[PDB]
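Participant: See run26.cif below, with mmCIF, C-alpha atoms.
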data_entry
#
loop_
_atom_site.label_atom_id
_atom_site.label_comp_id
_atom_site.auth_asym_id
_atom_site.auth_seq_id
_atom_site.Cartn_x
_atom_site.Cartn_y
_atom_site.Cartn_z
CA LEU A 1 12.82 7.64 -1.56
CA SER A 2 11.38 11.07 -2.26
CA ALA A 3 8.78 12.61 0.03
CA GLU A 4 6.25 12.57 -2.81
CA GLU A 5 7.11 8.93 -3.56
CA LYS A 6 6.42 8.14 0.10
CA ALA A 7 3.25 10.20 -0.23
CA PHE A 8 2.19 7.99 -3.14
CA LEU A 9 3.13 4.76 -1.36
CA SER A 10 1.23 6.03 1.69
CA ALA A 11 -1.69 6.99 -0.55
CA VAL A 12 -1.90 3.29 -1.33
CA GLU A 13 -2.12 0.98 1.77
CA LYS A 14 -4.83 3.41 2.92
CA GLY A 15 -7.34 2.72 0.14
CA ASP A 16 -7.45 6.10 -1.61
CA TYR A 17 -9.05 6.21 -5.04
CA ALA A 18 -8.64 10.00 -5.25
CA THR A 19 -5.05 10.82 -4.30
CA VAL A 20 -3.72 7.68 -5.98
CA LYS A 21 -5.50 8.62 -9.21
CA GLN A 22 -4.32 12.23 -8.88
CA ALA A 23 -0.75 11.02 -8.43
CA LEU A 24 -1.07 8.70 -11.43
CA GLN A 25 -2.43 11.55 -13.55
CA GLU A 26 0.34 13.89 -12.37
CA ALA A 27 2.84 11.14 -13.25
CA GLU A 28 1.72 11.39 -16.88
CA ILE A 29 1.97 15.19 -17.06
CA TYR A 30 5.25 15.62 -15.16
CA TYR A 31 8.03 13.13 -14.43
CA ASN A 32 7.74 13.88 -10.71
CA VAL A 33 7.12 10.43 -9.17
CA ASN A 34 7.96 7.09 -10.73
CA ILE A 35 5.06 4.67 -10.32
CA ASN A 36 7.51 1.76 -9.97
CA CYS A 37 8.91 3.14 -6.73
CA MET A 38 9.87 0.56 -4.14
CA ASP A 39 9.55 0.57 -0.39
CA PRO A 40 12.75 -0.01 1.62
CA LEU A 41 11.61 -3.71 1.67
CA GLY A 42 10.92 -4.26 -2.02
CA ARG A 43 7.18 -3.66 -2.28
CA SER A 44 6.05 -1.71 -5.35
CA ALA A 45 2.68 0.08 -5.27
CA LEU A 46 1.11 -2.84 -7.15
CA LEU A 47 2.30 -5.30 -4.48
CA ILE A 48 0.94 -2.98 -1.78
CA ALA A 49 -2.38 -3.07 -3.63
CA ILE A 50 -2.10 -6.89 -3.70
CA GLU A 51 -1.38 -7.54 0.01
CA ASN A 52 -4.42 -5.39 0.75
CA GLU A 53 -7.07 -7.08 -1.37
CA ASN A 54 -8.29 -3.99 -3.22
CA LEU A 55 -9.08 -4.57 -6.88
CA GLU A 56 -9.88 -0.94 -7.72
CA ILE A 57 -6.34 0.28 -7.03
CA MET A 58 -5.11 -2.76 -8.97
CA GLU A 59 -7.20 -1.83 -12.01
CA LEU A 60 -6.20 1.83 -11.57
CA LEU A 61 -2.50 0.91 -11.57
CA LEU A 62 -2.75 -1.71 -14.34
CA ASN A 63 -4.45 0.83 -16.60
CA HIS A 64 -1.13 2.69 -16.39
CA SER A 65 2.25 1.35 -17.53
CA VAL A 66 3.26 -0.25 -14.25
CA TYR A 67 5.95 -2.94 -14.28
CA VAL A 68 3.85 -6.06 -13.67
CA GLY A 69 6.92 -8.36 -13.67
CA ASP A 70 6.97 -11.25 -11.17
CA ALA A 71 3.97 -9.76 -9.31
CA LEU A 72 1.41 -12.37 -10.36
CA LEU A 73 3.13 -14.83 -8.00
CA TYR A 74 2.50 -12.49 -5.06
CA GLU B 1 26.97 -8.38 -2.28
CA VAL B 2 25.63 -11.74 -1.05
CA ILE B 3 24.90 -10.57 2.53
CA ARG B 4 22.82 -7.62 1.26
CA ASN B 5 20.57 -10.00 -0.70
CA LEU B 6 20.30 -12.45 2.21
CA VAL B 7 19.38 -9.70 4.66
CA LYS B 8 16.85 -8.22 2.22
CA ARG B 9 15.02 -11.45 1.46
CA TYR B 10 15.42 -12.57 5.09
CA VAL B 11 13.63 -9.48 6.39
CA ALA B 12 11.00 -9.85 3.65
CA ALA B 13 10.48 -13.47 4.73
CA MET B 14 10.20 -12.46 8.39
CA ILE B 15 7.60 -9.75 7.83
CA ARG B 16 5.78 -12.27 5.61
CA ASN B 17 5.88 -14.80 8.46
CA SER B 18 4.67 -12.15 10.91
CA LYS B 19 1.71 -11.46 8.63
CA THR B 20 0.83 -15.15 8.30
CA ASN B 21 1.58 -16.48 11.78
CA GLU B 22 0.51 -13.69 14.16
CA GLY B 23 -2.90 -14.43 15.65
CA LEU B 24 -5.36 -11.62 16.23
CA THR B 25 -5.62 -10.00 19.65
CA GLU B 26 -7.73 -7.52 21.61
CA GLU B 27 -5.88 -4.36 20.53
CA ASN B 28 -6.49 -5.25 16.86
CA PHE B 29 -10.16 -5.43 17.82
CA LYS B 30 -9.93 -1.96 19.38
CA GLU B 31 -8.41 -0.61 16.15
CA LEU B 32 -11.36 -1.77 14.03
CA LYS B 33 -13.75 -0.55 16.73
CA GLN B 34 -12.22 2.93 16.62
CA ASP B 35 -12.16 2.95 12.81
CA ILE B 36 -15.88 2.22 12.57
CA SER B 37 -16.59 4.51 15.54
CA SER B 38 -14.54 7.44 14.22
CA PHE B 39 -15.95 7.04 10.72
CA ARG B 40 -19.39 6.94 12.35
CA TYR B 41 -18.93 10.23 14.21
CA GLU B 42 -17.37 11.81 11.13
CA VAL B 43 -20.33 10.91 8.89
CA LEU B 44 -22.78 12.01 11.60
CA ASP B 45 -20.88 15.29 11.90
CA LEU B 46 -21.05 15.85 8.14
CA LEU B 47 -24.76 15.05 7.97
CA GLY B 48 -25.64 17.10 11.06
#
Would you put the structure from the file into structure tokens?

Facilitator:
Amino acid sequence: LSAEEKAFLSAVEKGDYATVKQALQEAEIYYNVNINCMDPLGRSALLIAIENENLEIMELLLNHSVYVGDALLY
Amino acid sequence: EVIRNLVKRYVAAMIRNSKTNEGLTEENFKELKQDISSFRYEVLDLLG
């Protein structure tokens, strides 16, 4: 994992609506961080926003082109 | 190739079981108490 990918996956699991949205708007402009970046234990950013029951980060991710595949079961 | 998958979904199942089956304790209470306390002093220091 990149340090900015770990900065995005540590932006989520803390409840940020600012730095997560800034990283998802920088992801559109530059191909710097892939949104579908996994933890070392699976765990995409969407699944991190699912284990912590925060619906605002879920709507913020699902407005972007996140891979939603097999994450409804989680 | 099989062992890598078994270790990966094993460790995922064990952290899942630690999230479900671990009961709450006093230090987890101190963590919430410091989060509300520290957020309290931070808001009072911004509004003061």

Participant: A:18, A:33, A:3, A:41: which is nearest chain B, counting all atoms listed in the file?

Facilitator: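 Selected residue with least distance to chain B: A:41.
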
Participant: Determine which residues of chain B sit within 10 Å of chain A, taking into account all atoms listed in the file, and present them as a PyMOL selection string.

Facilitator: chain B and resi 8-9+11-12+15+19

Participant: Just how far from CA of residue 53 in chain A is CA of residue 14 in chain A, in Å to one decimal?

Facilitator: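 Computing it gives 11.6 Å between the two atoms.
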
Participant: With the PyMOL selection byres ((chain A and resi 15) around 9) as the selection, what would be picked from this file? Answer as a list in words, please.

Facilitator: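 Applying the PyMOL selection byres ((chain A and resi 15) around 9) to the structure shown produces residues 11, 12, 13, 14, 16, 17, 20, 49, 52, 54 and 57 of chain A.
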
Participant: Let's have the selection written as a PDB file, keeping the file's coordinate frame, with C-alpha atoms.

Facilitator:
ATOM      1  CA  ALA A  11      -1.690   6.990  -0.550  1.00  0.00           C
ATOM      2  CA  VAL A  12      -1.900   3.290  -1.330  1.00  0.00           C
ATOM      3  CA  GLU A  13      -2.120   0.980   1.770  1.00  0.00           C
ATOM      4  CA  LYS A  14      -4.830   3.410   2.920  1.00  0.00           C
ATOM      5  CA  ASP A  16      -7.450   6.100  -1.610  1.00  0.00           C
ATOM      6  CA  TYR A  17      -9.050   6.210  -5.040  1.00  0.00           C
ATOM      7  CA  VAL A  20      -3.720   7.680  -5.980  1.00  0.00           C
ATOM      8  CA  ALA A  49      -2.380  -3.070  -3.630  1.00  0.00           C
ATOM      9  CA  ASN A  52      -4.420  -5.390   0.750  1.00  0.00           C
ATOM     10  CA  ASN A  54      -8.290  -3.990  -3.220  1.00  0.00           C
ATOM     11  CA  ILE A  57      -6.340   0.280  -7.030  1.00  0.00           C
TER      12      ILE A  57
END

Participant: What's the separation between CA of residue 50 in chain A and CA of residue 21 in chain A, in Å to one decimal place?

Facilitator: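 Interatomic distance here is 16.8 Å.
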
Participant: So what do you get for CA of residue 5 in chain B versus CA of residue 37 in chain A, distance-wise?

Facilitator: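 We find that CA of residue 5 in chain B and CA of residue 37 in chain A lie 18.6 Å from each other.
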
Participant: May I ask which of the residues A:5, A:56, A:35, A:22 is the closest one to residue 68 in chain A, counting all atoms listed in the file?

Facilitator: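 For residue 68 in chain A, the nearest of the candidates is A:35.
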
Participant: Take every atom of range 35-40 of chain B listed in the file, pad by 5 Å on each side, and give me the axis-aligned box centre and edge lengths in Å, one decimal, as AutoDock Vina command-line options.

Facilitator:
--center_x -15.8 --center_y 4.8 --center_z 13.1 --size_x 17.2 --size_y 15.2 --size_z 14.8

Participant: Counting only C-alpha atoms, which residues sit no farther than 7 Å from the position (5.2, -2.0, -4.9) in the file's frame? I'd like them as a list in words.

Facilitator: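 Here the neighbourhood of the point contains residues 36, 37, 38, 39, 42, 43, 44, 45, 46, 47 and 48 of chain A.
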